[PDB]
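The chain below stands alone and is given as structure tokens, in the form deposited in one PDB entry.
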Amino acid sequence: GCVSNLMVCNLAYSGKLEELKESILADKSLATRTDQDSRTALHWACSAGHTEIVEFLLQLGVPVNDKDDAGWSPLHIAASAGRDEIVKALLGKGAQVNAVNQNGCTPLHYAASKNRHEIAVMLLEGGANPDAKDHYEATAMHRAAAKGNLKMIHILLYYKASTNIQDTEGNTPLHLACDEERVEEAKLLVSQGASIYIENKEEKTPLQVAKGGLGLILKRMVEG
């Protein structure tokens, strides 16, 4: 498909490595020329998962942190699209782990919302802030708890993510775990220090949001 008004962007998106290599080597300025969405060949190669094209552009020494018109960096694009090897390559060239797009999302928010375990680890090994808050003051942990992703909760706890940050509705990840009936996630969160006392904007603790017996189980875990 024609994703760009820029030839080199279409070549990068469609995985046309040799043609892209010919064009840029012939005119190295094409490597950083931007299209209608303010994207270069790097953004499109990240989107379509063309690792070798990404590696080519990085070895050329293109910038790795330029944002398109929606605030997306290559690292956002690679993390969202589940491009494990490209995320590794971008972190190897000092990609901004804590960059935010126009929704205030970091690459880790996307790793969390799409259950991308290996990418979350690479981002966190790379200095990602586990407590980065989006425009709704929500964290990676809010997403993991809401979706019931135990493996992702273990990753975020290992890298020292807080369990008690309130989003704009006053909900901690434990409120969301209780509301979505994520029983084993709720119990893990409490066992690791998630507060049963914090009230959301409806003046409810996680115990009060919890349904059918979960509230008493969590209360007993903290109070005996």
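For clarity, a rigid core is taken as the largest C-alpha set superposing within 1.5 Å between two forms. One-based numbering along the sequence shown.
A second form of this protein, the form deposited in another entry, is not displayed here; the remarks below concern that form.
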Core superposition between the shown form and the other one, C-alpha change of residue 160 at least 2 Å | no
Answer yes if the Cα of residue 211 shifts by 2 angstroms or more between the shown form and the other one on a rigid-core superposition, and no otherwise.
-> yes
Cα displacement of residue 27 between the shown form and the other one reaching 2 Å, rigid core superposed | yes
